[PDB]
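Colleague: make a model of this:
(chains A, B, C, D and E, ligands or ions: 32)
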Amino acid sequence: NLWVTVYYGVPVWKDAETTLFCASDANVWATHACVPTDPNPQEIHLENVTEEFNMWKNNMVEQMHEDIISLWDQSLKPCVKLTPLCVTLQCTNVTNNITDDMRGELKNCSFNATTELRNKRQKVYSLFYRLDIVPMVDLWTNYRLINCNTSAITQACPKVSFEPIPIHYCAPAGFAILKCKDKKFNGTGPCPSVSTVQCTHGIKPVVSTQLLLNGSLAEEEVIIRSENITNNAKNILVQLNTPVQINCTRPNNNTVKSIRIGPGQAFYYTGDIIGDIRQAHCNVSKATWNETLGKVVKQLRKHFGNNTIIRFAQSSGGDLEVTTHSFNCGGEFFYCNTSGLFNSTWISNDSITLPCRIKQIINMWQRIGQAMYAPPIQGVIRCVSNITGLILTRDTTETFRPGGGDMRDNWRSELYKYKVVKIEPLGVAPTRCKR
Amino acid sequence: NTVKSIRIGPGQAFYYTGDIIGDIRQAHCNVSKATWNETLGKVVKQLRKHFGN
Amino acid sequence: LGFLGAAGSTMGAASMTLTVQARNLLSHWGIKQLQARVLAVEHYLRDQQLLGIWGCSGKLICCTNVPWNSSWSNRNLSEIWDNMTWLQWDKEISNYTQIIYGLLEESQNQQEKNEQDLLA
Amino acid sequence: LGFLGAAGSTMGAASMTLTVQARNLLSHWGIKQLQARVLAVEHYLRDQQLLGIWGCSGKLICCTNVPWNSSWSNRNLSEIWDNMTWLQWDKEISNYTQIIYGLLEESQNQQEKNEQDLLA
Amino acid sequence: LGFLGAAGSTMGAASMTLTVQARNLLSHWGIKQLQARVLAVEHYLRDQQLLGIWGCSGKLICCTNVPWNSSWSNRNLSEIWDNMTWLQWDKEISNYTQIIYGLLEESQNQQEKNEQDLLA
Ligand SMILES: *[C@@H]1O[C@H](CO)[C@@H](O[C@@H]2O[C@H](CO)[C@@H](O[C@@H]3O[C@H](CO)[C@@H](O)[C@H](O[C@H]4O[C@H](CO)[C@@H](O)[C@H](O)[C@@H]4O)[C@@H]3O)[C@H](O)[C@H]2NC(C)=O)[C@H](O)[C@H]1NC(C)=O
Ligand SMILES: *[C@@H]1O[C@H](CO)[C@@H](O[C@@H]2O[C@H](CO)[C@@H](O[C@@H]3O[C@H](CO)[C@@H](O)[C@H](O)[C@@H]3O)[C@H](O)[C@H]2NC(C)=O)[C@H](O)[C@H]1NC(C)=O
Ligand SMILES: *[C@@H]1O[C@H](CO[C@@H]2O[C@@H](C)[C@@H](O)[C@@H](O)[C@@H]2O)[C@@H](O[C@@H]2O[C@H](CO)[C@@H](O)[C@H](O)[C@H]2NC(C)=O)[C@H](O)[C@H]1NC(C)=O
Ligand SMILES: *[C@@H]1O[C@H](CO[C@@H]2O[C@@H](C)[C@@H](O)[C@@H](O)[C@@H]2O)[C@@H](O[C@@H]2O[C@H](CO)[C@@H](O)[C@H](O)[C@H]2NC(C)=O)[C@H](O)[C@H]1NC(C)=O
Ligand SMILES: *[C@@H]1O[C@H](CO[C@@H]2O[C@@H](C)[C@@H](O)[C@@H](O)[C@@H]2O)[C@@H](O[C@@H]2O[C@H](CO)[C@@H](O)[C@H](O)[C@H]2NC(C)=O)[C@H](O)[C@H]1NC(C)=O
Ligand SMILES: *[C@@H]1O[C@H](CO)[C@@H](O[C@@H]2O[C@H](CO)[C@@H](O)[C@H](O)[C@H]2NC(C)=O)[C@H](O)[C@H]1NC(C)=O
Ligand SMILES: *[C@@H]1O[C@H](CO)[C@@H](O[C@@H]2O[C@H](CO)[C@@H](O)[C@H](O)[C@H]2NC(C)=O)[C@H](O)[C@H]1NC(C)=O
Ligand SMILES: *[C@@H]1O[C@H](CO[C@@H]2O[C@@H](C)[C@@H](O)[C@@H](O)[C@@H]2O)[C@@H](O)[C@H](O)[C@H]1NC(C)=O
Ligand SMILES: *[C@@H]1O[C@H](CO[C@@H]2O[C@@H](C)[C@@H](O)[C@@H](O)[C@@H]2O)[C@@H](O)[C@H](O)[C@H]1NC(C)=O
Ligand SMILES: *[C@@H]1O[C@H](CO[C@@H]2O[C@@H](C)[C@@H](O)[C@@H](O)[C@@H]2O)[C@@H](O)[C@H](O)[C@H]1NC(C)=O
Ligand SMILES: *[C@@H]1O[C@H](CO)[C@@H](O)[C@H](O)[C@H]1NC(C)=O
Ligand SMILES: *[C@@H]1O[C@H](CO)[C@@H](O)[C@H](O)[C@H]1NC(C)=O
Ligand SMILES: *[C@@H]1O[C@H](CO)[C@@H](O)[C@H](O)[C@H]1NC(C)=O
Ligand SMILES: *[C@@H]1O[C@H](CO)[C@@H](O)[C@H](O)[C@H]1NC(C)=O
Ligand SMILES: *[C@@H]1O[C@H](CO)[C@@H](O)[C@H](O)[C@H]1NC(C)=O
Ligand SMILES: *[C@@H]1O[C@H](CO)[C@@H](O)[C@H](O)[C@H]1NC(C)=O
Ligand SMILES: *[C@@H]1O[C@H](CO)[C@@H](O)[C@H](O)[C@H]1NC(C)=O
Ligand SMILES: *[C@@H]1O[C@H](CO)[C@@H](O)[C@H](O)[C@H]1NC(C)=O
Ligand SMILES: *[C@@H]1O[C@H](CO)[C@@H](O)[C@H](O)[C@H]1NC(C)=O
Ligand SMILES: *[C@@H]1O[C@H](CO)[C@@H](O)[C@H](O)[C@H]1NC(C)=O
Ligand SMILES: *[C@@H]1O[C@H](CO)[C@@H](O)[C@H](O)[C@H]1NC(C)=O
Ligand SMILES: *[C@@H]1O[C@H](CO)[C@@H](O)[C@H](O)[C@H]1NC(C)=O
Ligand SMILES: *[C@@H]1O[C@H](CO)[C@@H](O)[C@H](O)[C@H]1NC(C)=O
Ligand SMILES: *[C@@H]1O[C@H](CO)[C@@H](O)[C@H](O)[C@H]1NC(C)=O
Ligand SMILES: *[C@@H]1O[C@H](CO)[C@@H](O)[C@H](O)[C@H]1NC(C)=O
Ligand SMILES: *[C@@H]1O[C@H](CO)[C@@H](O)[C@H](O)[C@H]1NC(C)=O
Ligand SMILES: *[C@@H]1O[C@H](CO)[C@@H](O)[C@H](O)[C@H]1NC(C)=O
Ligand SMILES: *[C@@H]1O[C@H](CO)[C@@H](O)[C@H](O)[C@H]1NC(C)=O
Ligand SMILES: *[C@@H]1O[C@H](CO)[C@@H](O)[C@H](O)[C@H]1NC(C)=O
Ligand SMILES: *[C@@H]1O[C@H](CO)[C@@H](O)[C@H](O)[C@H]1NC(C)=O
Ligand SMILES: *[C@@H]1O[C@H](CO)[C@@H](O)[C@H](O)[C@H]1NC(C)=O
Ligand SMILES: *[C@@H]1O[C@H](CO)[C@@H](O)[C@H](O)[C@H]1NC(C)=O
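Modeller: Residues are numbered from 1 along each chain as shown, chains lettered A, B, ... in the order given. Ligands and ions are numbered 1, 2, ... in the order given. Pasting the structure now:
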């Protein structure tokens, strides 16, 4: 007769939601807070394990979201508060060689700033982007800063970069992370090849909207992942199997000056522009871009009708923060017009130039109670990034438009292959063996 | 009470009474008289067990 | 040969790696890390307390005096141990678990009292 | 029959609910929650360490080789074990506790060395 | 007779104070103190887990079935246990320690499986 035998150390697990901690590899940003990583920690193949994955229901995403926002806010705690600067600014047109594209984009404003002494004021003359100021009370030359009628602006500290240093997510003892290695995995359902890891690879916390930059590429083919593909209320995350190179610039040689506005409190502002005034822009190779969309279309036709029409169009609405391609390029915040990328209909060394707007006072996260002022950067800025995926939304003829307003989508595009489970080492089975 | 508000700073609102609609009267509380007298009678009966009867 | 490497293997093979998994059970900002460390310890201790209650303290493979009521799983010892992985077994008999644990506790209580009465 | 349900019963009855109590020993705003969890663990581990020192690890009932000096309590075996609850017993022999613990420790050290020599 | 009092004495003497040392292993401003308490617990538990793996649970002196390959230390008993202090011994055979621990683990696994097949 078979009797109960208790085994401890049994290789069994259950789905679980627990706390993960961050780690990193070896001008301070998104660090100190995380533990240094182990070199080449471990990966165990788990040769005969099949397991079910379900991105979008994955709480690792929520934790990464919370950590990034929290660390972001923490970095501003010791920085100068630009509340003494919520004043009447007198603003006129910029006296330089301005191309047509830049007319009305910059204003030369003069304000009275506070000083080291409480009883003294100074007179400062600085350039502002039009998007950061608002005219007021029917006075032709009188402006105020955009966010003094809501939150206090905090100046970001000049010594802190926003470089997207990769963050690894590590399991606590008693937990493990399972990794799906199926090259055709679309975010849900059974995964035939699942390995075990200690900690995820580092993921760069890049913040952008409609085009995902510097992420992972699909191993073989473009993969379209969505919670419910026939539900037009859902976003579609499209991973590319090839990068598209994008070259962005702010072609204006700026002089940055600073003043004290308080007791050891420095304020930074664009003083003057050397040379001509030109619009910021991004360059995308035309042929590469057309090949990229053709691949996306071929894959969309597997979910939509085959003998169909697929149309790409620009966003139909919303504010600048969601109708453009937002990204951080060398510390400056760009809002680029992608209508030059999504203007075609697909039926059954030239380049595309995207004009860009620049803002210094930004909100980062979709929040109301915070603002931040990005100090301007001296000189001219250039950056080159890889487009690794698109975020699309959907309206015969299926029409798709750029989306991406919700940041958790960016993090899902990297965390989709990971699952957290709890180890359950204790269990029983019948064995022919009695005390 | 008609309540009004102003900004006093950058996203800092202050709330205050603007004015009063109708007559101005004193705030007050109502305790039923008999109920209160019965309540004290019970309290007194118990105090008398610690104090003289 | 590493942690959970045997998860896809048959129970009769996987049982030889019990020490591999056992050793992976132990090891305001910073508070969530303390919470994770504290719960790892609490879960560990509960499993050890339970093994103690059942009289399985100090061992990875513990034979008991409780018999296998076929109504839990009427499968035979060339199927359970040679054709099923621990994950599939755990699912098969997950309903009838807080019966088995209760029986193991009762059996040990009787064994302790019988053993004291002999040592007299 | 639940936690401390036997507290008002005689020692001879209460001794059958030892698992009921053993199972209830485990599990800045909010920091005190962690402090409470940590101390619960520390107290648990000290009891387990002490049972280990005395050679009682893994058991709820442990017989020893230390004899009961009448000076601690001269009550006969059926005035203690069916006429007196555990609360009243603990009060009766509170002063003479650390003595007993010291004797138990010495007994186990003698027991471990003797056994070692017999396994040569 | 206190904690580490025997540290400078010979292994053959120091082996009698094992309980003295075992008892000293357990017990924003205030966080680093909480962290210290948590790590003290984790170190304790790892040693206990390891003793459990080797089949030494519950005891301070544990004899095993693994032999002493002379290549680790070719000194005779009446050197090791009469002259050297534990500190000098620990340094002498520090290098070849992970090898010994691995052997102890394998020995216990073989023993647990052999016993399972003797209770059949
Ligand atoms: C996608 O990935 C690419 C590749 O990593 C990334 O481009 C890189 O951006 C950084 C930040 O702008 C560049 O680093 C600078 O390079 C210039 C070279 O002239 C240096 O002078 C800079 O040093 C000064 O500024 C620092 C500011 O933090 C100071 O700390 C420092 O003391 C100096 O004053 C700085 O090193 C880097 O060169 C490029 N890499 C390449 C190959 O071009 C891109 O930004 C990523 N895209 C997104 C959206 O994240
Ligand atoms: C925006 O308005 C400000 C204020 O009018 C302009 O700054 C001023 O620019 C003039 C012309 O460049 C400066 O005059 C120069 O002064 C230097 C010495 O400081 C002298 O060597 C030059 O020969 C010339 O006289 C003036 O000083 C400067 N004021 C400040 C506060 O710097 C600014 O150029 C305007 N920006 C544009 C392009 O609209
Ligand atoms: C073996 O199990 C049978 C069937 O028990 C049912 O299934 C078990 C998994 C568990 O859920 C039981 O509670 C279920 O009743 C037992 O037969 C029954 O036993 C219970 C007492 O446990 C009794 O009340 C019922 O009248 C019995 N009859 C049935 C068929 O329901 C059988 O006694 C168990 N044998 C052992 C070894 O305990
Ligand atoms: C049993 O106890 C008697 C009385 O000891 C007293 O009470 C004990 C609880 C403890 O507190 C002792 O220290 C107390 O002295 C012991 O008798 C005396 O023991 C002490 C210490 O050994 C000794 O100095 C006295 O001379 C003893 N007196 C007598 C009357 O003999 C007795 O030794 C204890 N026996 C055991 C088994 O330890
Ligand atoms: C006893 O040890 C010898 C050699 O010991 C090795 O070096 C020592 C300093 C120490 O680090 C030991 O643990 C090492 O094993 C063993 O002989 C060698 O054994 C290894 C496998 O362990 C084998 O690969 C070599 O070819 C052997 N030959 C050599 C170089 O001597 C011996 O097997 C060990 N015997 C026992 C009983 O374990
Ligand atoms: C983006 O593309 C434009 C258009 O091809 C580039 O502009 C040319 O730059 C060269 C070098 O300075 C000039 O000689 C040409 O006359 C410019 N073309 C035109 C139409 O004005 C631009 O340099 C590219 N750059 C980025 C992203 O930095
Ligand atoms: C990007 O640029 C295009 C122009 O190429 C803008 O599209 C125009 O938008 C206005 C409404 O504001 C319409 O009346 C025009 O008919 C549109 N033009 C074309 C060719 O369709 C577009 O709004 C800009 N988008 C962003 C985010 O800046
Ligand atoms: C174990 O069972 C094997 C298969 O038996 C048949 O199929 C299983 C699924 C049940 O439905 C069973 O009742 C059937 O008879 C046998 O080939 C094997 O010999 C059995 N071994 C033992 C020890 O019983
Ligand atoms: C046990 O003793 C009872 C009387 O108790 C006496 O006083 C108590 C405080 C102790 O000192 C005890 O040893 C004394 O004998 C008797 O009534 C009872 O019958 C006795 N029972 C047995 C089992 O002998
Ligand atoms: C123990 O060893 C002492 C030193 O002699 C030798 O060196 C040590 C390392 C061993 O290898 C041993 O076999 C050698 O004899 C001796 O002085 C002493 O007599 C030895 N005692 C015993 C009990 O053998
Ligand atoms: C500014 O533009 C005018 C033409 O409108 C030109 O004559 C003048 O030289 C330009 N100045 C500079 C500094 O380029
Ligand atoms: C200044 O810019 C405004 C547009 O914001 C334009 O209407 C006005 O004519 C410009 N004035 C001069 C002198 O360029
Ligand atoms: C600030 O003023 C602008 C004027 O266009 C208005 O749209 C916005 O709602 C105001 N914000 C607050 C917090 O009142
Ligand atoms: C872009 O893709 C190329 C492919 O050869 C790779 O070498 C490069 O590092 C990628 N750039 C970024 C920023 O990931
Ligand atoms: C993802 O794969 C599952 C496989 O069961 C399929 O049912 C689902 O429709 C697929 N979704 C997308 C967007 O490919
Ligand atoms: C997908 O969307 C359609 C919309 O008609 C709905 O009927 C269906 O239940 C949804 N399926 C899932 C899995 O959400
Ligand atoms: C980006 O700049 C590099 C030179 O560093 C050039 O080879 C490449 O073609 C440019 N890419 C685009 C899209 O213009
Ligand atoms: C869709 O068209 C492709 C050719 O582009 C063909 O291989 C595939 O079988 C077609 N699918 C269906 C359902 O007709
Ligand atoms: C789309 O392309 C056509 C080509 O004739 C052009 O006229 C139209 O302005 C373009 N639309 C956008 C938004 O660029
Ligand atoms: C900006 O102008 C200054 C003039 O002194 C020159 O030294 C510097 O190199 C220029 N920077 C760029 C990016 O053109
Ligand atoms: C309070 O109002 C209720 C209204 O239903 C009334 O019945 C009750 O008597 C009032 N209490 C007192 C103390 O007047
Ligand atoms: C309160 O109770 C006393 C009892 O002596 C009685 O004389 C008095 O009239 C009572 N008052 C009321 C309001 O019931
Ligand atoms: C107080 O008076 C009441 C009513 O006559 C009586 O029942 C009670 O016993 C008296 N208590 C004392 C202390 O006299
Ligand atoms: C996986 O299953 C095959 C039989 O299909 C077996 O030969 C192989 O040994 C199993 N792998 C593992 C790791 O158990
Ligand atoms: C169980 O045995 C069957 C026999 O047909 C085999 O096909 C299957 O792969 C085996 N499964 C495992 C987990 O070994
Ligand atoms: C356990 O009970 C649930 C009740 O919903 C049932 O669905 C499941 O199949 C049962 N599993 C077994 C038979 O162990
Ligand atoms: C309380 O005392 C009575 C009378 O001796 C007894 O019957 C009852 O079982 C006792 N209660 C408990 C919990 O032991
Ligand atoms: C309890 O102790 C008293 C005094 O010795 C004794 O008379 C009585 O019989 C005892 N009762 C029981 C149940 O032991
Ligand atoms: C223990 O000692 C204290 C102080 O001497 C004394 O008051 C108490 O009664 C004693 N209790 C016992 C159990 O003897
Ligand atoms: C220290 O060494 C001396 C011999 O030099 C010995 O007599 C003494 O007992 C030793 N003390 C300890 C604590 O081992
Ligand atoms: C111990 O050390 C002393 C002094 O070095 C030496 O005389 C004695 O022989 C040693 N005893 C042994 C055999 O270890
Ligand atoms: C232990 O290892 C170190 C580094 O390899 C070496 O220097 C030392 O001699 C070794 N000691 C022993 C006891 O072999």
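Colleague: tell me where chain C has helices.
Modeller: Taking DSSP state H, the helices of chain C run over residues C:11-14, C:18-22, C:31-53, C:86-92, C:97-119.
Colleague: most packed of those helices?
Modeller: For the helices of chain C, the largest average neighbour count (mean count of other C-beta atoms under 10 Å in any protein chain shown) is found in helix C:18-22, namely a mean of 21. The way it works is simple: take the backbone N, C-alpha and C, and place the C-beta from them, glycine included.
Colleague: let's have the helices of chain C in TSV, adding distance to residue C:69.
Modeller: Formatted as TSV, the helices of chain C follow (distance: least, C-beta to C-beta, whole Å):
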stretch	distance to residue C:69
helix C:11-14	19
helix C:18-22	25
helix C:31-53	21
helix C:86-92	14
helix C:97-119	9
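Colleague: do stretch A:135-146 and ligand 13 meet at all?
Modeller: No: judged by C-beta under 6 Å from any ligand atom, stretch A:135-146 stays clear of ligand 13, getting no closer than 7.8 Å.
Colleague: would you format the helices of chain C as a markdown table with distance to ligand 9 included?
Modeller: Listed next are these as a markdown table, based on distance: least, C-beta to the nearest ligand atom, whole Å:
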| stretch | distance to ligand 9 |
| --- | --- |
| helix C:11-14 | 54 |
| helix C:18-22 | 49 |
| helix C:31-53 | 33 |
| helix C:86-92 | 52 |
| helix C:97-119 | 18 |
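Colleague: closest to ligand 8 out of the ones you listed?
Modeller: The minimum distance between ligand 8 and those falls on helix C:86-92, with 12.7 Å, by C-beta to the nearest ligand atom.
Colleague: what's the spacing between that closest one and its chain's center?
Modeller: Relative to the chain's own centre, helix C:86-92 is displaced by 13 Å; criterion: C-alpha atoms, centre = their mean, to the nearest Å.
Colleague: what about residue A:306, how many residues close to it?
Modeller: Using other C-beta atoms under 10 Å in any protein chain shown, residue A:306 has 7 neighbouring residues.
Colleague: contact partners for the residue lying closest to it once chain neighbours are set aside?
Modeller: Closest residue to residue A:306 apart from its sequence neighbours, by C-beta to C-beta, 6 or more residues apart in numbering or on different chains: residue A:348 at 7.6 Å. By C-beta atoms under 8 Å, 6 or more residues apart in numbering or on different chains, the residues touching residue A:348 are A:306-309.
Colleague: residue 2: how many residues sit nearby?
Modeller: The chain I'm using is chain A. When neighbours are counted by other C-beta under 10 Å, residue A:2 registers 18.
Colleague: hmm, I had chain C in mind actually
Modeller: Residue C:2: 15 surrounding residues under other C-beta under 10 Å.
Colleague: select, out of the helices of chain C, the one closest to residue D:88.
Modeller: Proximity to residue D:88 (C-beta to C-beta) singles out helix C:97-119 among the helices of chain C, at 22.3 Å.
Colleague: pull the CA atoms of the closest one into CSV?
Modeller: Below are the C-alpha coordinates for helix C:97-119, written out as CSV (Å, rounded to 0.1, in the frame of the first residue of the first chain):
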residue,chain,number,x,y,z
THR,C,97,-3.7,19.3,0.1
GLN,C,98,-5.2,20.8,3.2
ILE,C,99,-6.5,17.3,4.0
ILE,C,100,-3.2,15.6,3.7
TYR,C,101,-1.5,18.3,5.8
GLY,C,102,-4.1,17.9,8.5
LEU,C,103,-3.6,14.1,8.5
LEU,C,104,0.2,14.4,8.8
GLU,C,105,-0.2,16.6,11.8
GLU,C,106,-2.6,14.2,13.5
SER,C,107,-0.3,11.3,12.9
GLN,C,108,2.6,13.0,14.5
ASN,C,109,0.7,14.1,17.5
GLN,C,110,-0.1,10.4,18.1
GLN,C,111,3.4,9.4,17.6
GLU,C,112,4.8,11.8,20.1
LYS,C,113,2.4,10.7,22.8
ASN,C,114,3.0,7.0,22.1
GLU,C,115,6.8,7.6,22.3
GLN,C,116,6.7,9.4,25.7
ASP,C,117,4.5,6.6,27.0
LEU,C,118,7.1,4.0,25.9
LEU,C,119,10.1,5.9,27.4
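Colleague: how about residues contacting that helix?
Modeller: Helix C:97-119 has contacts (C-beta under 8 Å, 6+ apart) with A:4, A:6, A:428, C:50, C:53-55, C:64-66, C:72, C:93, D:16, D:19, D:59-61, D:63.
Colleague: what's the PyMOL line that selects buried ones from those residues?
Modeller: In PyMOL syntax, the buried subset of the contacts of helix C:97-119 is picked out as below (16 or more other C-beta atoms under 10 Å in any protein chain shown):
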select buried, (chain A and resi 4+6+428) or (chain C and resi 50+53+54+55+64+66+72+93) or (chain D and resi 19+59+60)
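Colleague: before we move on, back to that, tell me which of the helices of chain C lies nearest to residue A:96.
Modeller: Nearest to residue A:96, of all those, is helix C:31-53, at 51.9 Å by C-beta to C-beta.
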